[PDB]
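The lines below spell out each chain.
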Amino acid sequence: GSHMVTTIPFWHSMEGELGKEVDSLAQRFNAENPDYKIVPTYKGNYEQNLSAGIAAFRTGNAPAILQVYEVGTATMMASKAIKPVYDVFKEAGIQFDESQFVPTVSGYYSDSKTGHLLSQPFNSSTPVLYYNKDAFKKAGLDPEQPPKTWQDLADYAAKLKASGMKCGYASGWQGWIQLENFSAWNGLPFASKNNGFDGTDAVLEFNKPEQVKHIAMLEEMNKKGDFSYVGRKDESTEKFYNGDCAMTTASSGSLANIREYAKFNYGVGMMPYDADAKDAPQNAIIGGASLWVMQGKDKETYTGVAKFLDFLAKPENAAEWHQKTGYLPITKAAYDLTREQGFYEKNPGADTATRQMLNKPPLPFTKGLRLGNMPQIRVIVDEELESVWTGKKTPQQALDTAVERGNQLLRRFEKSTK
Ligand SMILES: O=P(O)(O)OC[C@H](O)CO
Ligand SMILES: [Co+2]
Ligand SMILES: [Mg+2]
């Protein structure tokens, strides 16, 4: 009737040092709240975790909490498999102040009609440029001056390669960085209806001259050996920390593993922008994930979930997550606490991710994205970009095809949710 501990499965995609920090947070919560036991389980990369969560729901054994990457948001929002987080709190009779979250992040994860959070913010990032300062030195570059523009990056990459580095430049999450964020950061839409927020009748718009020229630049670098393709996700993070790759654009959340494993002096810079683009940079759009609560659980489970989510949002815990991982602080209090503890004084580049998100007030179409079936559109994008790196298709053809294929998935979602 109440003597049994309530076990609460939490399925996530936090690998390496990120996962160790998730475990530390769960363990502390469990110690302070012994009526509950949060049980984190690593289920693979974000695609694998989302697929596993959806499949488990079909058979009634979904976890209580599921970490879903940012692009899965519209899909989850239309899902009948979730209990919106604001409702989890409401029905459990626990107060939660949504205004605590930084507006960019709360907006991203909020319902259009009610303004309420449908999932809980936790790990948000923007892409940053990691660079090997030691490698810069022996290539004759100023180790305190990362390339500000793509043009500069290509130049540096050539010099780093000439100096003996195995790889000059590589990128994590190419869709997120080279197209989604490339668009926002250079003042362009990724999709219509303001990057999807204004309706399911959105179409993809990333096949414009600016994006095509950008992909062409990367392909020219690839041919020269100055750019290396190493995969669709976080593969470039290890290529950087093991010394292979001199520069990588990767999640700000890669910092946990990079700090632990890089045995050289490294720096963090902002994403390069297009030198020719007037009024660039604009602002970055977030990556990372949010925490979804699955439908069909008992009241004890939802009480425990609400308590755990509240725990994660406490200033000290939100601040600790940001400081340890490189994900940006997602509450106002966590940002202020980090600043007031002198963390940014000690670690100058540690607020880069926030600064990119807030570089300028957003244009109507640089607030984030919200597109149904985006997890599959990401795969389409990866396939088409891979056809560029192999020389099978031109940058124009690949982006045109990704738009055509991707739009088919957007119309499929539109029809499904009408
Ligand atoms: O590595 P993350 O957690 O910042 O996520 C990267 C991309 O946003 C995933 O879609
Ligand atoms: Co009992
Ligand atoms: Mg569909």
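- Its PDB record attributes the structure to X-ray crystallography, giving the resolution as 1.800 Å.

**Topic: the pattern of salt bridges**
Thinking step 1. The tally for this structure, following the rule as stated, stands at 19 salt bridges.
Thinking step 2. A salt bridge links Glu 320 to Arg 28, with the nearest nitrogen and oxygen atoms 3.2 Å apart. In this pair, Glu 320 is assigned in helix α14 (residues 315–325) and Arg 28 in helix α1 (residues 17–32), connecting sequence segments 292 residues apart.
Thinking step 3. By relative accessible area, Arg 28 is classed as partly exposed at 28%.

**Digging into the coordination of the cobalt ion (ligand 2)**
Thinking step 1. Donor atoms from the polypeptide that coordinate the cobalt ion (ligand 2) comprise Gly 1 (N), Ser 2 (N), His 3 (N) and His 3 (ND1), at 2.2 to 2.4 Å from the metal.
Thinking step 2. Seen from the cobalt ion (ligand 2), its 4 donor atoms lie at angles of 75 to 167°, and the figure they make is irregular.
Thinking step 3. One chain supplies every donor for the cobalt ion (ligand 2), spaced along it as G-S-H. Just as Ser 2 is exposed, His 3 falls in that class too.

**A few points about the UniProt feature "binding site: sn-glycerol 3-phosphate" in the protein chain**
Thinking step 1. Taken from the UniProt record, the annotation "binding site: sn-glycerol 3-phosphate" applies to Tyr 46, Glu 70, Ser 125, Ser 251, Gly 288, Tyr 327 and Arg 378.
Thinking step 2. When you line up the elements, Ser 125 lands in strand β4 (residues 120–125).
Thinking step 3. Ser 125 has contacts with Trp 176, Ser 251, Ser 252, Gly 253, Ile 285, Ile 286, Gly 287, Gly 288, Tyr 327 and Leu 328, leaving out every residue within four places of it along the chain.
Thinking step 4. Every residue in contact with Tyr 327, bar those within four places of it in the chain, is listed here: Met 14, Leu 18, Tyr 46, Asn 123, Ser 124, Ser 125, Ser 251, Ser 252, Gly 253, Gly 288, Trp 321 and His 322.

**Observations concerning α14**
Thinking step 1. The buried count for α14 comes to 8 of 11 residues, which makes it a mostly enclosed element.
Thinking step 2. Buried within α14 are the following residues: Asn 317, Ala 318, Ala 319, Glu 320, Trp 321, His 322, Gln 323 and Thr 325.
Thinking step 3. Among the structural elements, α1, β4, α12 (255–261), α13 (299–312), α15 (332–340) and α16 (343–346) are those in contact with the buried residues of α14.
Thinking step 4. Downstream of α14 by one or two residues, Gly 326 has phi in the positive range, about 95°.

**Remarks on the domain arrangement of the protein chain**
Thinking step 1. Along its sequence, the protein chain is organised into domain 1 (1–125 + 288–364) and domain 2 (126–287 + 365–418).
Thinking step 2. Each of domain 1 and domain 2 was reduced to a C-alpha centroid, and the two centroids are 25 Å apart.
Thinking step 3. Every contact between the two is made by 47 residues of domain 1 and, on the other side, 48 residues of domain 2.
Thinking step 4. Here domain 1 and domain 2 share an interface that buries about 3600 Å² over both sides, 55% of which is from carbon and sulfur atoms.
Thinking step 5. Its largest share of buried area at the contact with domain 2, domain 1 owes to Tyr 108, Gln 356 and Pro 364, together 20% of the area lost on that side.
Thinking step 6. Linking domain 1 to domain 2 there are 2 salt bridges.
Thinking step 7. Applying the counting criterion to the domain 1 and domain 2 interface returns 26 residue pairs in polar contact.
Thinking step 8. Of all elements in the fold, only α1, α2 (46–58), α3 (73–77), α5 (103–108), β4, β9 (287–293), α14 and α17 (352–357) reach the threshold of two or more residues within the side of domain 1 that touches domain 2.
Thinking step 9. A total of 5 residues in the side of domain 1 that touches domain 2 trace back to one element, the largest contributor, which is α17.

Cut-offs used in this document
- Residues numbered from 1 in each chain as written, not as in the entry; some residues may be left out.
- Chains lettered and ligands numbered in written order.
- Heavy atoms only, no water.
- Salt bridge = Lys/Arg side-chain N within 4 Å of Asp/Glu carboxyl O.
- Helix = DSSP H or I, 4+ residues; strand = E, 2+ residues; numbered from the N terminus.
- Buried < 20%, exposed > 50% of the residue type's maximum accessible area, 1.4 Å probe, protein only.
- Donors = N, O, S within 2.8 Å, 3.2 Å for Na, K, Ca; no water.
- Tetrahedral: all angles 85-135°; square planar, octahedral: opposite > 155°, others 65-115°.
- UniProt positions renumbered as here; feature names shortened; annotations may be inferred.
- Contact = heavy atoms within 4.5 Å.
- Domains from an automatic or database assignment.
- Buried area = accessible area lost by both parts, 1.4 Å probe.
- Polar contact = N/O pair within 3.5 Å; in protein donor to acceptor, adjacent residues only side chain to side chain.

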